[PDB]
Amino acid sequence: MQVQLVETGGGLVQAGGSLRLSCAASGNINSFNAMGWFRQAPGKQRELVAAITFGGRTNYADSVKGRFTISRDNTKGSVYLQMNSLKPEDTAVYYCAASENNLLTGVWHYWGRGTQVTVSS
Amino acid sequence: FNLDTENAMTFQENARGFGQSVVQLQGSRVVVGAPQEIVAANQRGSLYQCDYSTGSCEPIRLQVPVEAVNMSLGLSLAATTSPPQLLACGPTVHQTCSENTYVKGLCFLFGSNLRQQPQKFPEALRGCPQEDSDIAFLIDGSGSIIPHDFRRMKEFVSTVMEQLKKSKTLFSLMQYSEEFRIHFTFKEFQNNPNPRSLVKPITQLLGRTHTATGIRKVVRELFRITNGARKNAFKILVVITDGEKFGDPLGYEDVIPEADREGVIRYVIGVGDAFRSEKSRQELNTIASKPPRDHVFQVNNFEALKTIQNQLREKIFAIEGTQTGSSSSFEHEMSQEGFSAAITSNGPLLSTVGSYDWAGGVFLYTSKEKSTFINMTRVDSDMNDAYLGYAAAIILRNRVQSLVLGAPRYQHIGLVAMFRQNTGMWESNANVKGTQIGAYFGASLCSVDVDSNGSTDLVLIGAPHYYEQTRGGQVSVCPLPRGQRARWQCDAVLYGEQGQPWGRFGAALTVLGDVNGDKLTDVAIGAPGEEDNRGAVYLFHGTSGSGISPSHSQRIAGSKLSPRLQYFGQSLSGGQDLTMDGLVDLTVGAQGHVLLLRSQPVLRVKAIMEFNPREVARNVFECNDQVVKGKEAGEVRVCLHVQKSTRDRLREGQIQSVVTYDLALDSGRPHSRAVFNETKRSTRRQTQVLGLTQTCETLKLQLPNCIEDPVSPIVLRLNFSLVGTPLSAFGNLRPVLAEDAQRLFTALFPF
Amino acid sequence: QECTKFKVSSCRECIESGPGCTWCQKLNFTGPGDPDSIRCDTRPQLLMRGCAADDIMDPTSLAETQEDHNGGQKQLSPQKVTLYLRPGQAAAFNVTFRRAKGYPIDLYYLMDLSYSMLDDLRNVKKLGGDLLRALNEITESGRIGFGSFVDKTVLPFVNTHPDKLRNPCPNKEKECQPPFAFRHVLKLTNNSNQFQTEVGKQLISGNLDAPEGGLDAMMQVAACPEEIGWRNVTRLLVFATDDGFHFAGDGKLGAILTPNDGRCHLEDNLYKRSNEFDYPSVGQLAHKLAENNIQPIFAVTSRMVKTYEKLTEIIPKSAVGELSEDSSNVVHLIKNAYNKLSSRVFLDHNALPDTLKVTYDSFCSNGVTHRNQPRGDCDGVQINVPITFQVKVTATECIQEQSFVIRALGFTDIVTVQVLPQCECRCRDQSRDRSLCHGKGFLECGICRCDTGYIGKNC
Ligand SMILES: *[C@@H]1O[C@H](CO)[C@@H](O[C@@H]2O[C@H](CO)[C@@H](O)[C@H](O)[C@H]2NC(C)=O)[C@H](O)[C@H]1NC(C)=O
Ligand SMILES: *[C@@H]1O[C@H](CO)[C@@H](O[C@@H]2O[C@H](CO)[C@@H](O)[C@H](O)[C@H]2NC(C)=O)[C@H](O)[C@H]1NC(C)=O
Ligand SMILES: *[C@@H]1O[C@H](CO)[C@@H](O[C@@H]2O[C@H](CO)[C@@H](O)[C@H](O)[C@H]2NC(C)=O)[C@H](O)[C@H]1NC(C)=O
Ligand SMILES: *[C@@H]1O[C@H](CO)[C@@H](O[C@@H]2O[C@H](CO)[C@@H](O)[C@H](O)[C@H]2NC(C)=O)[C@H](O)[C@H]1NC(C)=O
Ligand SMILES: *[C@@H]1O[C@H](CO)[C@@H](O)[C@H](O)[C@H]1NC(C)=O
Ligand SMILES: [Ca+2]
Ligand SMILES: [Ca+2]
């Protein structure tokens with residue numbers, strides 16, 4: 001199985017502003033099911049903030065609830081992260097991850113290389 | 001010997017096939033089929049009703065379905081006298097499906113009357129076989145499925161798809177977990193028909209086993225014409241499950257009825273140690289179509305999925321065809337239902353000659369909802385192309401009914417087998433084979449109850465194409481076994497008259513009952529190919545001892561009745577009174593013509609010749625040498641009584657008859673020893689009309705006195721000839737003296 | 001021998017009373033004056049009582065030979081026999097058969113073209129001169145023909161759907177011919193090259209049911225001698241198939257109820273009239289084959305061998321050979337079939353009245369001696385080796401004059417046998433004035449017969 005992940009949407013954003021992250025998977029849609037977004041702030045490890053099943057069930061971290069929305073389009077092999085009401089504490093490198101399986105907390109082997117999101121005060 | 005030939009009543013109508021099937025109804029009517037009459041386009045065959053009083057025939061109303069096309073209705077007929085019924089079949093309905101046509105049969109069970117539309121048999125024609133197959137898979141992707149076994153299940157699906165793609169097959173697959181996962185549609189399989197290319201990159205889902213909702217999405221989303229499913233195709237779903245539904249908001253009560261309304265046939269492969277308990281295996285039976293034994297099998301591990309795929313190929317092939325391969329053995333299709341018909345007391349029967357590659361078979365629609373299909377036990381190439389059921393007749397064993405069948409083509413030799421039921425199971429009691437190749441042994445069957453015991457004593461088997469020099473047919477006399485388990489063995493054989501080698505003796509047989517009043521059932525056998533297809537009918541009397549007389553009593557040739565008759569005797573029907581004269585009538589079918597022959601009442605003559613001067617008295621041997629003349633009184637009494645050997649519902653007071661007396665004294669010597677009063681020679685002839693009461697007449701004989709010394713007693717012989725006067729009513733029908741009636745009577749007068 | 005007499009009033013009535021009864025016509029032999037029925041008795045009772053075999057009347061059954069005189073010697077002699085039959089006495093005459101050198105063989109090869117015969121069709125197209133070469137090995141001037149057959153074109157004998165009427169073969173095959181009953185392809189010719197081109201154009205076909213209409217085609221071969229082109233000499237009909245055959249009565253399933261009329265119905269060398277008539281019966285075909293002297297050779301496969309072996313009782317001049325399912329079978333089987341046909345000679349007669357009885361005793365070269373047989377039966381018959389058949393004919397009454405023919409089956413030769421009665425004592429005519437007993441009657445082998453004179457002497 002060969003799946004490649006590329007992040008599209010990162011950059012610099014003002015506090016209180018918004019940003020949408022996107023990512024296409026370079027492979028067979030049948031060869032991966034569950035997708036999610038991690039972020040790695042400075043000094044910290046990769047934190048799962050939003051994950052989605054193939055059928056659209058979502059789970060969010062408490063630190064991003066009411067502000068971030070995860071969504072996907074299986075016809076394009078893509079999952080999206082709409083980040084509203086951004087804060088300087090949201091500054092991190094954000095990764096997309098995908099699994100061969102359909103669990104929200106398991107085996108996130110496929111990883112993107114990440115994109116930088118920096119939120120200025 | 002007493003069928004009226006001169007006063008025969010002939011029916012005629014311009015319809016091709018009229019005379020090819022006759023049947024006596026109860027109420028003075030003969031129903032005849034005309035199987036080749038084109039009444040309208042896409043219809044063939046019609047029926048007519050012929051009455052004895054109204055000498056014309058009338059057509060019968062035809063409630064023919066639209067796709068009963070080119071039906072040839074009227075080829076087979078049957079009726080019951082005690083419940084008024086009529087069973088008319090056209091066994092050539094053409095169903096021109098795309099890429100194939102099929103010949104099937106359709107029947108009609110009329111009642112007492114004919115404008116009432118009958119019970120259709122079968123109510124539903126068997127129908128067009130569905131074309132092409134849409135096969136969907138539904139595979140469990142729960143976390144219970146270990147990764148090595150998950151690829152075993154994928155390899156199972158890939159190999160089965162490789163095995164099931166004979167031609168024109170579309171495939172689909174959906175994994176099933178917490179969420180449900182359309183991996184490829186029927187349309188996507190059609191564009192890339194490589195099962196392994198579609199199956200190999202699939203990764204395993206994980207979670208709770210939502211089996212019920214997965215079945216629902218297969219029926220809705222996966223079986224959808226936007227995703228490549230084809231209308232009127234076979235819809236098959238194979239579910240591979242660990243068999244423990246967990247966490248699904250829907251129960252099996254919801255999704256299984258919607259699966260059945262779309263016609264989705266469900267197979268279940270139950271895998272793993274989960275089904276060693278019987279409770280879990282019953283849940284597998286809930287998912288699959290009924291019966292579960294065909295649709296459910298249990299494998300102990302996913303490596304054992306390889307074992308079921310060998311048999312599952314045969315089980316899924318079975319819907320299209322069971323062990324068929326190429327040159328398919330057509331079963332219950334091409335059947336031509338109602339090729340031969342009969343009405344059992346329980347329900348109407350009708351034969352499927354073209355069942356199991358024309359091996360033959362018989363339906364029994366006792367209630368029509370259950371169909372009791374009956375061929376023989378052995379399944380082999382020997383039974384193929386036998387045309388079993390071509391003559392179907394019923395026998396009575398102490399008024400319990402059994403069945404006999406004819407297969408005229410068993411290895412190009414005829415074959416007749418009996419069937420009886422054992423607590424709902426129809427088994428072959430016995431069988432009889434022919435010996436002459438191509439004799440068509442068993443083309444006609446006829447069960448005969450000679451003594452009218454309610455116990456059928458005899459089955460008449462006809463071999464009309466048996467060729468034996470001058471002879472052109474044969475009828476085998478085959479009595480039913482008493483019950484000593486002896487194989488069914490034919491005691492005698494009936495031939496026709498010599499001189500017609502292509503006469504087809506035995507092509508049509510019927511029971512006409514007692515015609516001569518001997519209390520024994522008589523039979524008729526038609527030979528519609530004699531005298532260069534100007535056919536003939538023979539009549540054989542019954543014998544005490546439950547046999548049939550080897551020599552016939554009356555041969556009725558179709559040339560003598562009408563010059564323009566042909567195939568006289570191709571259809572026979574007897575056993576009922578149609579003229580209300582109490583006389584057992586008999587109907588015969590010919591090409592274009594149907595004619596009925598009325599039975600004549602039989603009379604027998606009793607002769608009593610009594611003399612009060614039977615004493616010699618020997619006074620005359622003392623002549624006094626005077627001129628010798630016949631002297632002394634000559635008291636004589638000659639009484640003739642004529643009585644009926646037949647019972648009719650006539651009044652019997654109008655039975656007149658004319659008899660001619662011839663009397664002779666001392667016949668066989670050059671000069672007699674006696675002369676009569678008037679003639680003065682030894683000869684007397686008297687005519688006298690006689691009723692059924694004894695009419696007696698005294699006469700005067702004359703004896704010359706001195707004659708030869710008394711050695712030989714004087715005899716008075718009487719030969720006679722009876723001509724019954726025809727009845728004023730009842731169509732001038734003539735009573736006839738018996739064939740075996742003694743016609744010579746000798747009187748004793750000693751010397 | 002034995003003689004029984006009762007109420008005998010004539011020399012004729014004496015001879016009718018039994019085959020051992022004789023009559024003396026000696027004048028005033030009735031010495032006692034008792035009834036004249038005493039005159040009829042056996043020879044030795046009368047011969048000791050004053051008769052010396054000229055006075056005895058004893059007509060005996062006779063056979064006369066009137067063989068035609070011509071150069072050479074025909075293969076069956078005598079040609080004409082006259083019989084004078086006395087009731088109860090057999091006439092014997094002896095008939096000799098001498099196998100000739102054979103005759104120019106006409107072989108018409110009537111082949112199944114169902115789809116199971118596809119690999120058979122490729123080989124038969126290429127056989128060509130090999131068929132003629134085998135015929136030219138036994139006898140000179142051989143000549144070959146071809147015909148082909150599938151079943152009748154109605155349900156259920158073929159699939160009558162228009163898509164499958166166009167291609168009755170399996171759907172992947174597209175070198176297929178529509179179904180047909182009988183096609184006459186090649187008229188009988190010694191040209192093997194016309195055989196190769198005309199059989200080569202013929203395509204394989206298919207049908208629906210396993211039995212086929214080959215017997216219907218065999219009737220058309222026998223009923224159309226001008227179209228087939230049968231020379232009279234050695235007619236042979238090869239019948240190659242791997243399936244069963246329909247026969248009379250099977251046409252009822254396709255609503256075909258008119259019997260086969262035995263007539264020719266080749267139109268455009270096709271039996272387009274097959275839907276109109278039923279298949280022939282076995283006896284109907286066997287009669288037409290014996291009339292036109294056509295001897296079938298049934299080249300059927302192994303599963304059909306015992307089925308078509310049963311036909312040899314109804315068709316006496318027929319043979320069965322095993323086919324190899326690709327027609328790679330040796331023409332030696334066709335050659336050995338002719339040798340089996342030529343080693344078997346049957347001597348039989350046509351229909352006879354119930355008054356005449358005929359037996360045959362068969363003396364054979366290496367085929368053993370048979371006696372009192374219904375038909376002559378010899379095996380191992382060799383060329384220019386005479387064999388002998390003894391016909392015994394017995395009449396049971398004073399028969400009326402009649403003639404019948406004895407024919408050797410498989411051949412056109414006929415022995416015409418005319419049968420005359422021998423019941424008259426053939427007594428000498430008297431009816432003279434000098435020969436009047438008491439003025440009435442005539443001598444009449446010693447009986448003065450009454451001239452309807454009623455009361456009188458000798459009456
Ligand atoms: C039975 O069905 C067949 C269908 O082929 C009919 O036969 C042919 O029908 C076509 C219709 O266009 C006619 O042109 C042909 O002339 C018909 N064939 C013959 C030999 O006439 C047939 O008419 C149908 N039978 C009935 C009774 O309707
Ligand atoms: C007799 O009837 C039985 C049952 O109707 C036939 O049995 C079927 O045989 C076919 C053979 O191709 C099998 O594929 C089916 O599965 C059988 N059906 C059963 C067992 O229900 C049988 O073929 C008929 N014919 C003969 C000659 O016995
Ligand atoms: C009674 O018997 C005599 C004797 O057989 C019958 O007379 C015969 O009649 C037929 C018909 O005319 C003739 O062909 C025969 O030649 C006659 N024979 C003699 C010896 O006369 C007579 O017909 C019989 N009568 C009845 C009433 O039965
Ligand atoms: C048929 O030919 C045979 C000779 O092959 C004749 O039969 C012999 O007849 C004589 C009497 O003349 C006997 O002594 C022999 O024993 C007979 N031999 C055999 C083999 O039968 C016979 O006469 C001929 N048949 C005729 C002339 O009808
Ligand atoms: C043989 O064939 C030739 C032509 O090839 C023909 O002219 C001749 O008549 C034929 N002869 C016989 C005996 O068939
Ligand atoms: Ca009777
Ligand atoms: Ca009546």
# chains A, B, ... in the order shown; residues from 1 in each chain; ligands from 1
>>> residues_around(residues="residue A:11", least_positions_apart="3", cutoff="12 Å", atoms="only C-alpha atoms", output="PyMOL selection string")
chain A and resi 7-8+14+18-21+91-94+114-120
>>> write_last_selection(atoms="N, CA, C and O atoms", output="compact mmCIF listing (two decimals), in the first residue's frame")
# COMPACT_ATOMS: atom_id res chain seq x y z
N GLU A 7 0.05 18.69 2.72
CA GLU A 7 -0.76 19.70 3.38
C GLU A 7 -0.82 20.98 2.55
O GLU A 7 0.21 21.46 2.06
N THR A 8 -2.02 21.54 2.41
CA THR A 8 -2.26 22.74 1.61
C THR A 8 -3.11 23.71 2.42
O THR A 8 -4.29 23.44 2.68
N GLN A 14 -3.61 36.41 11.53
CA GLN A 14 -3.76 37.30 12.67
C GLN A 14 -4.69 36.66 13.69
O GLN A 14 -5.55 35.83 13.34
N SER A 18 -9.03 33.67 10.59
CA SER A 18 -9.42 32.31 10.26
C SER A 18 -8.51 31.76 9.16
O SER A 18 -7.86 32.51 8.43
N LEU A 19 -8.48 30.44 9.06
CA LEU A 19 -7.63 29.75 8.10
C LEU A 19 -8.23 28.37 7.84
O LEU A 19 -8.73 27.73 8.77
N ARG A 20 -8.18 27.93 6.59
CA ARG A 20 -8.64 26.59 6.23
C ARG A 20 -7.46 25.77 5.73
O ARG A 20 -6.73 26.20 4.82
N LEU A 21 -7.28 24.60 6.32
CA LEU A 21 -6.26 23.65 5.90
C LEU A 21 -6.91 22.56 5.07
O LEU A 21 -8.05 22.15 5.32
N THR A 91 -0.64 28.37 17.51
CA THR A 91 0.56 28.32 16.69
C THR A 91 1.26 26.97 16.86
O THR A 91 1.66 26.61 17.97
N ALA A 92 1.42 26.26 15.75
CA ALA A 92 1.95 24.90 15.72
C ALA A 92 2.24 24.55 14.27
O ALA A 92 1.80 25.25 13.34
N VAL A 93 2.98 23.47 14.07
CA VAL A 93 3.01 22.79 12.78
C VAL A 93 1.85 21.81 12.79
O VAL A 93 1.77 20.96 13.69
N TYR A 94 0.95 21.91 11.82
CA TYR A 94 -0.19 21.01 11.81
C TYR A 94 0.07 19.88 10.82
O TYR A 94 0.46 20.14 9.68
N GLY A 114 3.59 18.08 7.24
CA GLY A 114 3.19 19.19 8.07
C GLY A 114 3.28 20.53 7.36
O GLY A 114 4.02 20.71 6.39
N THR A 115 2.51 21.48 7.87
CA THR A 115 2.57 22.86 7.41
C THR A 115 2.53 23.78 8.63
O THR A 115 1.90 23.46 9.64
N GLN A 116 3.25 24.89 8.54
CA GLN A 116 3.35 25.82 9.66
C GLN A 116 2.16 26.76 9.68
O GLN A 116 1.82 27.37 8.66
N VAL A 117 1.52 26.87 10.84
CA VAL A 117 0.51 27.88 11.11
C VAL A 117 1.00 28.71 12.28
O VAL A 117 1.19 28.19 13.38
N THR A 118 1.21 30.01 12.05
CA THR A 118 1.68 30.93 13.07
C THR A 118 0.63 32.00 13.27
O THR A 118 0.26 32.70 12.32
N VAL A 119 0.14 32.13 14.50
CA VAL A 119 -0.90 33.10 14.82
C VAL A 119 -0.26 34.21 15.65
O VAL A 119 0.26 33.96 16.75
N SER A 120 -0.30 35.43 15.13
CA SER A 120 0.33 36.58 15.76
C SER A 120 -0.68 37.35 16.60
O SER A 120 -1.84 37.50 16.20
>>> residues_near_ligand(ligand="ligand 5", cutoff="8 Å", atoms="only C-alpha atoms and all ligand atoms", output="PDB file with C-alpha atoms, in the first residue's frame")
ATOM      1  CA  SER C 141     -16.409 -48.043 -61.217  1.00  0.00           C
ATOM      2  CA  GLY C 142     -17.369 -46.902 -57.728  1.00  0.00           C
ATOM      3  CA  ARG C 143     -19.307 -43.679 -57.332  1.00  0.00           C
ATOM      4  CA  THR C 189     -20.227 -39.031 -59.156  1.00  0.00           C
ATOM      5  CA  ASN C 190     -16.826 -40.657 -59.641  1.00  0.00           C
ATOM      6  CA  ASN C 191     -15.326 -37.141 -59.484  1.00  0.00           C
TER       7      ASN C 191
END
>>> residues_around(residues="residue B:338", least_positions_apart="4", cutoff="9 Å", atoms="only C-alpha atoms", output="NGL selection string")
:B and (75-77 or 88-91 or 104-107 or 121 or 342 or 349-353 or 362-363)
>>> write_last_selection(atoms="N, CA, C and O atoms", output="mmCIF file, in the first residue's frame")
data_model
loop_
_atom_site.group_PDB
_atom_site.id
_atom_site.type_symbol
_atom_site.label_atom_id
_atom_site.label_comp_id
_atom_site.auth_asym_id
_atom_site.auth_seq_id
_atom_site.Cartn_x
_atom_site.Cartn_y
_atom_site.Cartn_z
ATOM 1 N N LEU B 75 -55.495 -30.193 -28.096
ATOM 2 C CA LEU B 75 -54.747 -31.401 -28.422
ATOM 3 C C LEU B 75 -54.996 -32.507 -27.402
ATOM 4 O O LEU B 75 -54.953 -33.692 -27.752
ATOM 5 N N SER B 76 -55.277 -32.144 -26.153
ATOM 6 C CA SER B 76 -55.502 -33.107 -25.084
ATOM 7 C C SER B 76 -56.795 -32.776 -24.353
ATOM 8 O O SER B 76 -57.074 -31.606 -24.070
ATOM 9 N N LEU B 77 -57.580 -33.810 -24.049
ATOM 10 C CA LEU B 77 -58.881 -33.647 -23.413
ATOM 11 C C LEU B 77 -59.100 -34.745 -22.380
ATOM 12 O O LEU B 77 -58.539 -35.840 -22.480
ATOM 13 N N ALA B 88 -59.238 -29.183 -20.836
ATOM 14 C CA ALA B 88 -58.757 -28.913 -22.185
ATOM 15 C C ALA B 88 -57.399 -28.236 -22.115
ATOM 16 O O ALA B 88 -57.253 -27.202 -21.456
ATOM 17 N N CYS B 89 -56.420 -28.802 -22.816
ATOM 18 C CA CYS B 89 -55.041 -28.343 -22.750
ATOM 19 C C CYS B 89 -54.525 -27.989 -24.138
ATOM 20 O O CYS B 89 -54.790 -28.705 -25.110
ATOM 21 N N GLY B 90 -53.800 -26.873 -24.233
ATOM 22 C CA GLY B 90 -52.967 -26.636 -25.388
ATOM 23 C C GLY B 90 -51.502 -26.638 -25.005
ATOM 24 O O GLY B 90 -50.975 -25.664 -24.454
ATOM 25 N N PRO B 91 -50.810 -27.735 -25.299
ATOM 26 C CA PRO B 91 -49.408 -27.843 -24.878
ATOM 27 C C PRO B 91 -48.381 -27.322 -25.871
ATOM 28 O O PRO B 91 -47.334 -27.960 -26.014
ATOM 29 N N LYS B 104 -44.281 -24.525 -23.798
ATOM 30 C CA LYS B 104 -44.853 -24.915 -22.524
ATOM 31 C C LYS B 104 -46.314 -25.270 -22.753
ATOM 32 O O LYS B 104 -46.798 -25.285 -23.887
ATOM 33 N N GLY B 105 -47.033 -25.550 -21.671
ATOM 34 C CA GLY B 105 -48.402 -25.984 -21.780
ATOM 35 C C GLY B 105 -49.325 -25.226 -20.849
ATOM 36 O O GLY B 105 -48.914 -24.672 -19.829
ATOM 37 N N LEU B 106 -50.600 -25.222 -21.223
ATOM 38 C CA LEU B 106 -51.613 -24.518 -20.458
ATOM 39 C C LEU B 106 -52.933 -25.259 -20.605
ATOM 40 O O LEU B 106 -53.278 -25.710 -21.701
ATOM 41 N N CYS B 107 -53.662 -25.386 -19.500
ATOM 42 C CA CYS B 107 -54.876 -26.186 -19.455
ATOM 43 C C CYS B 107 -56.023 -25.357 -18.891
ATOM 44 O O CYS B 107 -55.830 -24.250 -18.381
ATOM 45 N N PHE B 121 -54.760 -23.885 -15.403
ATOM 46 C CA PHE B 121 -53.730 -24.791 -14.901
ATOM 47 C C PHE B 121 -52.555 -24.802 -15.871
ATOM 48 O O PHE B 121 -52.707 -25.276 -17.014
ATOM 49 N N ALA B 342 -55.418 -35.998 -17.604
ATOM 50 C CA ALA B 342 -56.394 -36.845 -16.934
ATOM 51 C C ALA B 342 -56.810 -36.134 -15.657
ATOM 52 O O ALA B 342 -56.063 -35.307 -15.127
ATOM 53 N N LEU B 349 -54.440 -33.782 -13.335
ATOM 54 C CA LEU B 349 -53.048 -34.062 -13.648
ATOM 55 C C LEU B 349 -52.779 -33.702 -15.101
ATOM 56 O O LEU B 349 -53.686 -33.670 -15.939
ATOM 57 N N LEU B 350 -51.504 -33.468 -15.391
ATOM 58 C CA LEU B 350 -51.066 -33.077 -16.719
ATOM 59 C C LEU B 350 -49.576 -33.368 -16.831
ATOM 60 O O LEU B 350 -48.814 -33.106 -15.896
ATOM 61 N N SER B 351 -49.176 -33.938 -17.962
ATOM 62 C CA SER B 351 -47.826 -34.457 -18.110
ATOM 63 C C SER B 351 -46.890 -33.412 -18.697
ATOM 64 O O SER B 351 -47.278 -32.619 -19.560
ATOM 65 N N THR B 352 -45.653 -33.428 -18.221
ATOM 66 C CA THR B 352 -44.572 -32.602 -18.748
ATOM 67 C C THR B 352 -43.632 -33.552 -19.486
ATOM 68 O O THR B 352 -42.693 -34.098 -18.904
ATOM 69 N N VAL B 353 -43.916 -33.759 -20.775
ATOM 70 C CA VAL B 353 -43.125 -34.669 -21.598
ATOM 71 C C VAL B 353 -41.703 -34.147 -21.774
ATOM 72 O O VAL B 353 -40.734 -34.917 -21.732
ATOM 73 N N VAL B 362 -44.778 -35.876 -14.782
ATOM 74 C CA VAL B 362 -46.208 -35.646 -14.614
ATOM 75 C C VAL B 362 -46.446 -34.713 -13.436
ATOM 76 O O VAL B 362 -45.988 -34.983 -12.317
ATOM 77 N N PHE B 363 -47.150 -33.611 -13.695
ATOM 78 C CA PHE B 363 -47.677 -32.743 -12.653
ATOM 79 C C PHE B 363 -48.965 -33.305 -12.066
ATOM 80 O O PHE B 363 -49.713 -34.041 -12.715
#
>>> residues_around(residues="residue B:628", least_positions_apart="6", cutoff="8 Å", atoms="only C-alpha atoms", output="PyMOL selection string")
chain B and resi 704-706
>>> write_last_selection(atoms="N, CA, C and O atoms", output="short mmCIF file (atom, residue, chain, number, x, y, z; two decimals), in the first residue's frame")
data_model
loop_
_atom_site.label_atom_id
_atom_site.label_comp_id
_atom_site.auth_asym_id
_atom_site.auth_seq_id
_atom_site.Cartn_x
_atom_site.Cartn_y
_atom_site.Cartn_z
N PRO B 704 -96.61 -91.85 -42.84
CA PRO B 704 -97.08 -93.05 -43.56
C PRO B 704 -97.00 -94.28 -42.67
O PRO B 704 -96.08 -94.42 -41.86
N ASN B 705 -97.99 -95.18 -42.81
CA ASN B 705 -98.12 -96.30 -41.88
C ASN B 705 -96.98 -97.31 -41.92
O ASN B 705 -96.18 -97.38 -40.98
N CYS B 706 -96.87 -98.08 -43.01
CA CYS B 706 -95.83 -99.10 -43.11
C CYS B 706 -94.59 -98.51 -43.76
O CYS B 706 -94.61 -98.12 -44.93
#
>>> residues_near_ligand(ligand="ligand 7", cutoff="7 Å", atoms="only C-alpha atoms and all ligand atoms", output="ChimeraX atom specification")
/B:577-585,598-599
>>> write_last_selection(atoms="C-alpha atoms", output="PDB file, in the first residue's frame")
ATOM      1  CA  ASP B 577     -75.288 -42.629 -22.962  1.00  0.00           C
ATOM      2  CA  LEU B 578     -75.714 -39.652 -25.289  1.00  0.00           C
ATOM      3  CA  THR B 579     -79.073 -40.425 -26.925  1.00  0.00           C
ATOM      4  CA  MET B 580     -80.990 -41.066 -23.638  1.00  0.00           C
ATOM      5  CA  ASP B 581     -82.095 -44.416 -25.114  1.00  0.00           C
ATOM      6  CA  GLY B 582     -80.257 -46.400 -22.435  1.00  0.00           C
ATOM      7  CA  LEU B 583     -77.831 -47.537 -25.009  1.00  0.00           C
ATOM      8  CA  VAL B 584     -74.111 -47.107 -24.455  1.00  0.00           C
ATOM      9  CA  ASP B 585     -72.956 -44.816 -27.238  1.00  0.00           C
ATOM     10  CA  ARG B 598     -75.069 -46.129 -31.228  1.00  0.00           C
ATOM     11  CA  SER B 599     -75.379 -49.489 -29.500  1.00  0.00           C
TER      12      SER B 599
END
>>> residues_around(residues="residue C:5", least_positions_apart="3", cutoff="10 Å", atoms="only C-alpha atoms", output="PyMOL selection string")
chain C and resi 8+13-18+21+37-42
>>> residues_near_ligand(ligand="ligand 1", cutoff="6 Å", atoms="only C-alpha atoms and all ligand atoms", output="list in words")
residues 38, 41, 42, 43, 44 and 70 of chain B
>>> residues_near_ligand(ligand="ligand 2", cutoff="8 Å", atoms="only C-alpha atoms and all ligand atoms", output="VMD selection string")
chain B and resid 318 321 to 324 329 331 355 to 356 359 to 361 373 to 381 383 to 384
>>> write_last_selection(atoms="C-alpha atoms", output="CSV table (one decimal), in the first residue's frame")
chain,number,residue,atom,x,y,z
B,318,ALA,CA,-27.5,-24.0,-9.5
B,321,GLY,CA,-28.4,-24.4,-13.8
B,322,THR,CA,-27.5,-27.5,-11.7
B,323,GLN,CA,-24.6,-29.7,-13.0
B,324,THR,CA,-25.5,-28.3,-16.5
B,329,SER,CA,-30.6,-30.3,-19.3
B,331,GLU,CA,-36.0,-29.0,-16.4
B,355,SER,CA,-38.9,-32.3,-18.5
B,356,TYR,CA,-35.3,-33.2,-17.7
B,359,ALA,CA,-37.2,-37.7,-20.0
B,360,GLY,CA,-40.8,-37.1,-19.1
B,361,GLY,CA,-42.7,-36.2,-16.0
B,373,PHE,CA,-44.2,-33.6,-9.8
B,374,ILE,CA,-43.6,-37.2,-10.6
B,375,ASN,CA,-40.9,-38.9,-12.6
B,376,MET,CA,-39.0,-42.0,-11.8
B,377,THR,CA,-36.2,-42.8,-9.4
B,378,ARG,CA,-33.0,-43.3,-11.5
B,379,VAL,CA,-31.3,-40.2,-12.8
B,380,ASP,CA,-29.2,-41.2,-15.8
B,381,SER,CA,-28.7,-40.7,-19.5
B,383,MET,CA,-33.9,-42.0,-19.0
B,384,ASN,CA,-33.2,-39.0,-21.3
>>> residues_near_ligand(ligand="ligand 6", cutoff="10 Å", atoms="only C-alpha atoms and all ligand atoms", output="ChimeraX atom specification")
/B:450-451,512-523,539-543,646
